[PDB]
Amino acid sequence: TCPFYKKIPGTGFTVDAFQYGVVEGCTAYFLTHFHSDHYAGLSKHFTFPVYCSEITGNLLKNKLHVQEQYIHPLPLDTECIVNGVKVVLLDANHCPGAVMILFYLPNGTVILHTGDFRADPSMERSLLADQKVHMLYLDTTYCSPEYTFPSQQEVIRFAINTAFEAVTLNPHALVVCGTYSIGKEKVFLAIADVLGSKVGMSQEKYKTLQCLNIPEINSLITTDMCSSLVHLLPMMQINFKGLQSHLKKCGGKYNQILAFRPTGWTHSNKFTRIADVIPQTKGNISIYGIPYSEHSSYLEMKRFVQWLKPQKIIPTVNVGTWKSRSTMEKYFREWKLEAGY
Ligand code: NI
């Protein structure tokens, strides 16, 4: 049954709640972003209104075959009325098409649901700045001080410089990047751009990328692998066996693989600077784990909440254990006492 933290009080609305069958009293189902833990349950047989971004609605129609009459895309940064309630969708700085949702309840309460997000000071100057928020449904993925990671910009600089160096030294090296969902497209796009190549991929993955309104995409991606020296593969194939097998398939065009696994966090973050990251190597294959995150770090999350000053916080991640819940609640109290709200 639907958990409480997916229900918006005083409305007929739920958020990211498609795997519970028909939710009692739900008149509109919101979807923050097209990641499987959030869309789980949608298909061509869904007949209730779904409210989402334009990008998310492209992916629902083309990838899951949801019928067009039940998709309600909304523009960003625009006041809209849904079943008698004012809502705004804001950019979440997560994956393409990901939003945060502001609900203006009939009784004067204002609620922000962050979906999944990477907090940023740029958010302090959206339509959030203009009114008080009473309740915050917060992406608490990395809500503990051990979770530090670099800026996205520093990680992309590392990747571009590493790839460019390797292929200039050996023009017969192939670069491979892992993927299993939308998000983190800058990794493979930035590498292809520095090398003057398109990114090659499966037909399924090309289809997914064509849904995302990325400018000049026909210019950066392709299904012709033979013409590309940056290849995208499923994340599960980014290991020595799977990469040896792929190299076999390229027919002696290449004699070395440099592969990238964009992870969120890994404990090598608590000790090592991005400058200092090294690969795992076996023979002519090297694998780099790079800490490219599309969730808030602890410090980024703290700064956002201390700026927003909500009256109540409802965590949406790590809610299944008492030890996690208690940890989280202790940090929320610290933040409130330090800032004075
Ligand atoms: Ni997500």
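This chain uses plain numbering: 1 for the first residue, then up along the sequence. All ligand and atom numbering here is 1-based and tracks the order in the structure.
For the Ni ion (ligand 1), the count of nearby protein N, O or S atoms, meaning those under 2.8 Å away, is 4.
At a cut-off of 3.5 Å, with distance as the only test, a side-chain donor of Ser245 or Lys249 sits close to an acceptor on the other residue. Donor-acceptor pairing under 3.5 Å is lacking for the side chains of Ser227 and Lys198.
Listed by chain and residue number, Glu146 satisfy the side chain to side chain donor-acceptor pair (under 3.5 Å) test with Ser144 (two or more places apart in sequence, or in another chain).
At distances below 3.5 Å, at least one donor-acceptor pair connects side-chain atoms of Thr114 with backbone N or O atoms of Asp139.
Note: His33 and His94 have perpendicular aromatic rings, judged against thresholds of 30 and 60 degrees for the angle between ring planes.
In summary, of the residues considered (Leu138, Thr32, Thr141), a side-chain contact (heavy atoms from CB on, under 4.5 Å) with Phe117 occurs for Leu138 alone.
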